[PDB]
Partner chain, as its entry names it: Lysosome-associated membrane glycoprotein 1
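Coming up is one lone chain in structure tokens, specifically the form solved without its partner chain.
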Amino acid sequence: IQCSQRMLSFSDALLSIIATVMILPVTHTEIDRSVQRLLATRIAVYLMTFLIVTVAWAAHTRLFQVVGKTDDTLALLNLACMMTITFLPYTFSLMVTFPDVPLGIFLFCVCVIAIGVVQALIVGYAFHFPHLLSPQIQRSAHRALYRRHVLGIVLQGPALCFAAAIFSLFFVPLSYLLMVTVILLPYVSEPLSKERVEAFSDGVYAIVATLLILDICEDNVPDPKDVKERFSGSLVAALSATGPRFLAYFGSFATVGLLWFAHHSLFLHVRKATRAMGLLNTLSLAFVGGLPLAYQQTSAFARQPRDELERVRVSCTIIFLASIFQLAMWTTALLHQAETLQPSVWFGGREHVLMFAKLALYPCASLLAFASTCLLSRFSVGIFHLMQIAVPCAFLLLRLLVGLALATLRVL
């Protein structure tokens, strides 16, 4: 019997890595209609894999809410569960690459079944040793009903996927129907641990922020032969062609760091996060993962000014979605502010307006940038760059801006 915080932290790290694995094929896509189709397919695959892995992570988190403590065998079983979960993105990609081949569907169903079987073994071991359960379960009137219930919840997905694996040899669309039902039913027919959500979001933000520096380190280190031959021995000339990559990395890191700053400030005032906030956070992270692609597109070559307008608009849309989902989380938590928010950030509270401005800095900025792309298109990219300069400073002097707005309201 031992504490289980570090094991779940490791689980969150692994699950964030597995959720964000599928953004690498997107950011590595080369910048004609075939390229656009490939990019759309890769974006769709990334979104679906992120949603699936986040569903698996949510199931894991609400599984280990029941299993209070951990043990050596529980740690090994959790490691096995993590290994089985790590195959979700690759196997789903193989599935969607060959939709009419039953082998891909069979492999996806087998992966989901393996995850469910390991989780069922974990639950069975936990209930066989009651000291590992949470005190509420350890004391529950009918503890074994909770088992009959947790086994059903855990094994519902494996059963539907097993039936889908059956139907893949006879009727593939039916396999698709039950496979989508696996993810649909738990939400279409409860609080989520705030520590797990915080750790998953921190992992996702850390991974997304440092994608471009990883890529630059892997590829964009100048080669001495090319330095002495293409750039005539001038290392600064060699690094000049790499400059757009550095600018894209700086922009992506600044944006993702500021979004994480807003998220961190939001969650420092959350007492307990409902699953609606969990869904909104999942959507926010899914759209945050697309920021490096937007920055790569904007920093890329501009064949025509219309291409620059389109890329600036796309980047603004991605930023707007990624931040508006955080704003939606904040409003949803405000709806139940009695039990979800600290007294400081309640309606009319001390920090209410400050937090509102902190979470609305980015959506409004993206909205005005997108509006300028249609009204002041001649300066579009310029104002976009101005935004990249304005937003961090607005974060630096947010309290001063809020005080100025309060004074303006006071004199009005």
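Positions refer to the first chain, counted from 1.
Form solved in complex with its partner chain: not shown, discussed below.
Peer 1: Is there a heavy atom of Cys374 lying 4.5 Å or less from a heavy atom of its partner chain in the entry with it bound?
Peer 2: Output for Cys374 is yes: heavy atoms within 4.5 Å of its partner chain.
Peer 1: My question is simply whether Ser299 lines the interface with its partner chain in the entry with it bound - judged by any non-hydrogen atom within 4.5 Å.
Peer 2: It does not: once its partner chain is placed as it appears in the entry with it bound, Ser299 has no heavy atom within 4.5 Å of it.
Peer 1: Even though the partner isn't displayed, in the entry with it bound is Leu335 close enough to its partner chain, meaning a heavy atom within 4.5 Å?
Peer 2: Yes, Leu335 is a contact residue.
Peer 1: Taking any heavy atom pair closer than or equal to 4.5 Å as contact, tell me whether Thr331 reaches its partner chain in the entry with it bound.
Peer 2: Looking in the entry with it bound, residue contacts with its partner chain include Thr331, since a heavy atom lies within 4.5 Å.
Peer 1: Can you say which of 146 to 154, 132 to 140, 271 to 279, 316 to 324 gets within 4.5 Å of its partner chain in the entry with it bound, counting heavy atoms only?
Peer 2: That would be stretch 316 to 324.
Peer 1: So which of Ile383, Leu367, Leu63, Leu39 reaches within 4.5 angstroms of its partner chain in the entry with it bound, heavy atom to heavy atom?
Peer 2: In short, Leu367.
Peer 1: Scan 344 to 362 and write down, in order along the chain, each residue with a heavy atom lying within 4.5 Å of its partner chain in the entry with it bound.
Peer 2: Contacts from 344 to 362: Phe347, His352, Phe356.
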